[PDB]
$ cat run.tsv   # TSV, C-alpha atoms
chain	number	residue	atom	x	y	z
A	6	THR	CA	-25.35	20.96	-18.09
A	7	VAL	CA	-24.12	18.05	-15.94
A	8	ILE	CA	-20.71	17.46	-17.60
A	9	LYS	CA	-18.60	14.39	-16.67
A	10	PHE	CA	-14.90	14.14	-15.72
A	11	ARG	CA	-12.45	11.49	-14.45
A	12	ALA	CA	-10.98	11.50	-10.91
A	13	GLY	CA	-10.80	9.34	-7.76
A	14	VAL	CA	-12.20	9.31	-4.19
A	15	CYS	CA	-10.48	8.30	-0.92
A	16	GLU	CA	-11.28	5.29	1.29
A	17	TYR	CA	-10.63	5.36	5.04
A	18	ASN	CA	-9.29	2.61	7.34
A	19	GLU	CA	-10.64	2.35	10.91
A	20	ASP	CA	-7.75	0.07	11.94
A	21	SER	CA	-5.25	2.88	11.28
A	22	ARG	CA	-7.60	5.89	10.91
A	23	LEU	CA	-6.07	6.97	7.57
A	24	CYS	CA	-7.43	8.30	4.24
A	25	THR	CA	-5.74	6.66	1.22
A	26	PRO	CA	-6.76	6.86	-2.44
A	27	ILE	CA	-9.33	4.28	-3.62
A	28	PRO	CA	-8.17	1.74	-6.21
A	29	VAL	CA	-11.42	2.41	-8.12
A	30	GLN	CA	-11.29	5.33	-10.58
A	31	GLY	CA	-15.02	6.00	-11.15
A	32	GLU	CA	-15.85	9.46	-12.56
A	33	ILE	CA	-17.26	12.84	-11.49
A	34	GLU	CA	-20.02	14.99	-13.00
A	35	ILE	CA	-19.60	18.79	-13.28
A	36	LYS	CA	-22.90	20.42	-12.24
A	37	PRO	CA	-24.03	24.07	-12.13
A	38	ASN	CA	-25.77	23.65	-8.74
A	39	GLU	CA	-29.33	22.25	-8.48
A	40	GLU	CA	-30.69	25.40	-10.17
A	41	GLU	CA	-27.71	27.78	-10.65
A	42	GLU	CA	-28.40	29.43	-7.27
A	43	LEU	CA	-24.99	29.19	-5.57
A	44	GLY	CA	-22.93	28.68	-8.75
A	45	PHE	CA	-21.37	25.67	-6.99
A	46	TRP	CA	-19.86	23.18	-9.47
A	47	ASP	CA	-21.49	20.12	-7.85
A	48	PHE	CA	-19.28	17.13	-8.74
A	49	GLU	CA	-21.30	13.91	-8.78
A	50	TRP	CA	-19.02	10.86	-8.57
A	51	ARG	CA	-20.03	7.28	-9.52
A	52	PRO	CA	-18.62	3.82	-10.24
A	53	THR	CA	-18.77	4.17	-14.06
A	54	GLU	CA	-15.11	3.38	-14.75
A	55	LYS	CA	-12.95	0.25	-14.31
A	56	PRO	CA	-12.87	-0.68	-10.61
A	57	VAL	CA	-10.32	-3.02	-8.96
A	58	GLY	CA	-12.21	-5.40	-6.63
A	59	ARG	CA	-13.83	-2.49	-4.75
A	60	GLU	CA	-17.50	-1.80	-5.60
A	61	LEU	CA	-18.32	1.89	-4.95
A	62	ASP	CA	-21.30	4.19	-5.71
A	63	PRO	CA	-22.26	7.73	-6.76
A	64	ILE	CA	-20.96	10.38	-4.33
A	65	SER	CA	-22.25	13.98	-4.59
A	66	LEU	CA	-19.20	16.27	-4.22
A	67	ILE	CA	-19.35	20.03	-3.60
A	68	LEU	CA	-16.80	22.78	-4.36
A	69	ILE	CA	-16.93	25.94	-2.21
A	70	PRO	CA	-13.76	28.00	-1.66
A	71	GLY	CA	-15.70	30.15	0.85
A	72	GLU	CA	-17.06	27.25	2.96
A	73	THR	CA	-15.25	23.89	2.64
A	74	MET	CA	-11.48	24.23	3.22
A	75	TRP	CA	-9.38	22.88	0.33
A	76	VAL	CA	-6.77	20.32	1.46
A	77	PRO	CA	-4.52	19.39	-1.48
A	78	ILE	CA	-1.84	17.93	0.82
A	79	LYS	CA	-1.94	16.75	4.46
A	80	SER	CA	1.77	17.31	5.25
A	81	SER	CA	4.02	14.22	5.60
A	82	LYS	CA	4.40	11.97	2.52
A	83	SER	CA	1.37	12.70	0.29
A	84	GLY	CA	1.01	12.74	-3.51
A	85	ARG	CA	-2.05	14.92	-4.24
A	86	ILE	CA	-5.45	14.31	-2.61
A	87	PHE	CA	-7.87	17.26	-2.97
A	88	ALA	CA	-10.15	17.04	0.09
A	89	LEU	CA	-12.85	19.61	0.98
A	90	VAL	CA	-13.97	19.81	4.63
A	91	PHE	CA	-16.84	22.04	5.81
A	92	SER	CA	-17.34	21.75	9.60
A	93	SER	CA	-20.03	19.17	10.47
A	94	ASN	CA	-19.44	15.95	8.48
A	95	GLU	CA	-19.40	16.97	4.78
A	96	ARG	CA	-15.65	16.29	4.40
A	97	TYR	CA	-14.75	14.23	1.31
A	98	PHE	CA	-11.30	13.33	-0.08
A	99	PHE	CA	-10.35	13.00	-3.78
A	100	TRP	CA	-7.19	12.11	-5.74
A	101	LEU	CA	-6.17	12.21	-9.43
$ encode --input "run.tsv" --output "structure tokens"
Amino acid sequence: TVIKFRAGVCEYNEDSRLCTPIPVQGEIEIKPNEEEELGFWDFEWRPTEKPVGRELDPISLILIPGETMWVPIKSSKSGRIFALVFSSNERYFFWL
């Protein structure tokens, strides 16, 4: 049952090395893992909403409280960007 929801991603700037929220809203897709093996609510994102001059694409997101660390706030001035980082390079940032 790949359900669908509405959230946002997080673009990064190499000139300042920062992770701000993307102006595009797009949407996510709740998924019960590829075959309900890890019970991981795979969240598939995709440009299916109203963008703002920034063309994006589908981004497979994962949710594991026992593997990827949950980062709702990165100290300093920050609204609410839920970012999950594992250890190698599977670290994505999201904002609602």
$ closest_residue --input "run.tsv" --among "A:73, A:81, A:28, A:56" --to "residue 96 in chain A" --atoms "only C-alpha atoms"
A:73
$ closest_residue --input "run.tsv" --among "A:27, A:16, A:33, A:98" --to "residue 79 in chain A" --atoms "all atoms listed in the file"
A:98
$ atom_distance --input "run.tsv" --atom1 "CA of residue 68 in chain A" --atom2 "CA of residue 99 in chain A"
11.7 Å
$ axis_aligned_box --input "run.tsv" --around "range 34-42 of chain A" --padding-each-side "3 Å" --output "lines of an AutoDock Vina configuration file"
center_x = -25.1
center_y = 22.2
center_z = -10.3
size_x = 17.1
size_y = 20.4
size_z = 12.0
$ closest_residue --input "run.tsv" --among "A:25, A:35, A:54, A:60" --to "residue 78 in chain A" --atoms "only C-alpha atoms"
A:25
$ atom_distance --input "run.tsv" --atom1 "CA of residue 13 in chain A" --atom2 "CA of residue 29 in chain A"
7.0 Å
$ atom_distance --input "run.tsv" --atom1 "CA of residue 93 in chain A" --atom2 "CA of residue 9 in chain A"
27.6 Å
$ closest_residue --input "run.tsv" --among "A:62, A:19, A:95, A:39" --to "residue 6 in chain A" --atoms "only C-alpha atoms"
A:39
$ closest_residue --input "run.tsv" --among "A:92, A:11, A:65, A:97" --to "residue 77 in chain A" --atoms "only C-alpha atoms"
A:97
$ residues_around --input "run.tsv" --residues "residue 38 in chain A" --least-positions-apart "2" --cutoff "10 Å" --atoms "only C-alpha atoms" --output "number ranges by chain"
A: 6-7, 35-36, 40-48, 67
$ residues_around --input "run.tsv" --residues "residue 70 in chain A" --least-positions-apart "4" --cutoff "10 Å" --atoms "only C-alpha atoms" --output "list in words"
residues 45, 74, 75 and 89 of chain A
$ closest_residue --input "run.tsv" --among "A:84, A:37, A:52, A:26" --to "residue 64 in chain A" --atoms "only C-alpha atoms"
A:52
$ residues_around --input "run.tsv" --residues "residue 12 in chain A" --least-positions-apart "5" --cutoff "9 Å" --atoms "only C-alpha atoms" --output "list in words"
residues 30, 31, 32, 33, 50, 99, 100 and 101 of chain A
$ write_last_selection --input "run.tsv" --atoms "C-alpha atoms" --output "short mmCIF file (atom, residue, chain, number, x, y, z; two decimals), keeping the file's coordinate frame"
data_model
loop_
_atom_site.label_atom_id
_atom_site.label_comp_id
_atom_site.auth_asym_id
_atom_site.auth_seq_id
_atom_site.Cartn_x
_atom_site.Cartn_y
_atom_site.Cartn_z
CA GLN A 30 -11.29 5.33 -10.58
CA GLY A 31 -15.02 6.00 -11.15
CA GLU A 32 -15.85 9.46 -12.56
CA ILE A 33 -17.26 12.84 -11.49
CA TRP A 50 -19.02 10.86 -8.57
CA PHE A 99 -10.35 13.00 -3.78
CA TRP A 100 -7.19 12.11 -5.74
CA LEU A 101 -6.17 12.21 -9.43
#
$ build_atoms --input "run.tsv" --residues "range 56-73 of chain A" --atoms "N, CA, C and O atoms" --output "PDB file, in the frame of the given file"
ATOM      1  N   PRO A  56     -13.217  -0.555 -12.045  1.00  0.00           N
ATOM      2  CA  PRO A  56     -12.870  -0.680 -10.610  1.00  0.00           C
ATOM      3  C   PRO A  56     -11.701  -1.654 -10.426  1.00  0.00           C
ATOM      4  O   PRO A  56     -11.043  -2.033 -11.376  1.00  0.00           O
ATOM      5  N   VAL A  57     -11.445  -2.064  -9.212  1.00  0.00           N
ATOM      6  CA  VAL A  57     -10.320  -3.020  -8.960  1.00  0.00           C
ATOM      7  C   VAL A  57     -10.659  -3.916  -7.766  1.00  0.00           C
ATOM      8  O   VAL A  57      -9.872  -4.071  -6.853  1.00  0.00           O
ATOM      9  N   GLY A  58     -11.822  -4.510  -7.766  1.00  0.00           N
ATOM     10  CA  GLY A  58     -12.210  -5.400  -6.630  1.00  0.00           C
ATOM     11  C   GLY A  58     -12.911  -4.586  -5.539  1.00  0.00           C
ATOM     12  O   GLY A  58     -13.226  -5.100  -4.483  1.00  0.00           O
ATOM     13  N   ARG A  59     -13.156  -3.324  -5.779  1.00  0.00           N
ATOM     14  CA  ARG A  59     -13.830  -2.490  -4.750  1.00  0.00           C
ATOM     15  C   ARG A  59     -15.088  -1.834  -5.340  1.00  0.00           C
ATOM     16  O   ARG A  59     -15.011  -0.848  -6.048  1.00  0.00           O
ATOM     17  N   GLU A  60     -16.240  -2.378  -5.056  1.00  0.00           N
ATOM     18  CA  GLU A  60     -17.500  -1.800  -5.600  1.00  0.00           C
ATOM     19  C   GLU A  60     -17.849  -0.496  -4.870  1.00  0.00           C
ATOM     20  O   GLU A  60     -17.993  -0.471  -3.663  1.00  0.00           O
ATOM     21  N   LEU A  61     -17.986   0.585  -5.595  1.00  0.00           N
ATOM     22  CA  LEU A  61     -18.320   1.890  -4.950  1.00  0.00           C
ATOM     23  C   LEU A  61     -19.691   2.380  -5.435  1.00  0.00           C
ATOM     24  O   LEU A  61     -20.477   1.622  -5.967  1.00  0.00           O
ATOM     25  N   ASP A  62     -19.980   3.644  -5.256  1.00  0.00           N
ATOM     26  CA  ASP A  62     -21.300   4.190  -5.710  1.00  0.00           C
ATOM     27  C   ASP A  62     -21.187   5.696  -5.960  1.00  0.00           C
ATOM     28  O   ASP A  62     -20.159   6.290  -5.706  1.00  0.00           O
ATOM     29  N   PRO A  63     -22.253   6.273  -6.460  1.00  0.00           N
ATOM     30  CA  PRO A  63     -22.260   7.730  -6.760  1.00  0.00           C
ATOM     31  C   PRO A  63     -22.096   8.563  -5.484  1.00  0.00           C
ATOM     32  O   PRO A  63     -22.765   8.351  -4.493  1.00  0.00           O
ATOM     33  N   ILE A  64     -21.198   9.513  -5.518  1.00  0.00           N
ATOM     34  CA  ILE A  64     -20.960  10.380  -4.330  1.00  0.00           C
ATOM     35  C   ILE A  64     -21.088  11.854  -4.731  1.00  0.00           C
ATOM     36  O   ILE A  64     -20.293  12.365  -5.496  1.00  0.00           O
ATOM     37  N   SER A  65     -22.078  12.539  -4.226  1.00  0.00           N
ATOM     38  CA  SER A  65     -22.250  13.980  -4.590  1.00  0.00           C
ATOM     39  C   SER A  65     -21.124  14.811  -3.960  1.00  0.00           C
ATOM     40  O   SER A  65     -20.986  14.873  -2.753  1.00  0.00           O
ATOM     41  N   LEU A  66     -20.319  15.448  -4.769  1.00  0.00           N
ATOM     42  CA  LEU A  66     -19.200  16.270  -4.220  1.00  0.00           C
ATOM     43  C   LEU A  66     -19.518  17.756  -4.395  1.00  0.00           C
ATOM     44  O   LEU A  66     -20.159  18.155  -5.347  1.00  0.00           O
ATOM     45  N   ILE A  67     -19.075  18.576  -3.485  1.00  0.00           N
ATOM     46  CA  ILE A  67     -19.350  20.030  -3.600  1.00  0.00           C
ATOM     47  C   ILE A  67     -18.028  20.806  -3.673  1.00  0.00           C
ATOM     48  O   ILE A  67     -16.999  20.344  -3.222  1.00  0.00           O
ATOM     49  N   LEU A  68     -18.054  21.978  -4.246  1.00  0.00           N
ATOM     50  CA  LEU A  68     -16.800  22.780  -4.360  1.00  0.00           C
ATOM     51  C   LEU A  68     -17.062  24.224  -3.912  1.00  0.00           C
ATOM     52  O   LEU A  68     -17.583  25.030  -4.658  1.00  0.00           O
ATOM     53  N   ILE A  69     -16.700  24.555  -2.701  1.00  0.00           N
ATOM     54  CA  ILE A  69     -16.930  25.940  -2.210  1.00  0.00           C
ATOM     55  C   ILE A  69     -15.653  26.485  -1.545  1.00  0.00           C
ATOM     56  O   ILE A  69     -15.299  26.062  -0.462  1.00  0.00           O
ATOM     57  N   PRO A  70     -15.001  27.406  -2.211  1.00  0.00           N
ATOM     58  CA  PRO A  70     -13.760  28.000  -1.660  1.00  0.00           C
ATOM     59  C   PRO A  70     -14.076  28.949  -0.500  1.00  0.00           C
ATOM     60  O   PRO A  70     -13.190  29.427   0.181  1.00  0.00           O
ATOM     61  N   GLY A  71     -15.333  29.230  -0.267  1.00  0.00           N
ATOM     62  CA  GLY A  71     -15.700  30.150   0.850  1.00  0.00           C
ATOM     63  C   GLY A  71     -16.347  29.363   1.993  1.00  0.00           C
ATOM     64  O   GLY A  71     -16.769  29.931   2.982  1.00  0.00           O
ATOM     65  N   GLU A  72     -16.434  28.061   1.872  1.00  0.00           N
ATOM     66  CA  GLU A  72     -17.060  27.250   2.960  1.00  0.00           C
ATOM     67  C   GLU A  72     -16.180  26.040   3.290  1.00  0.00           C
ATOM     68  O   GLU A  72     -15.600  25.953   4.354  1.00  0.00           O
ATOM     69  N   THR A  73     -16.083  25.104   2.385  1.00  0.00           N
ATOM     70  CA  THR A  73     -15.250  23.890   2.640  1.00  0.00           C
ATOM     71  C   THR A  73     -13.767  24.219   2.416  1.00  0.00           C
ATOM     72  O   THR A  73     -13.385  24.715   1.374  1.00  0.00           O
TER      73      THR A  73
END
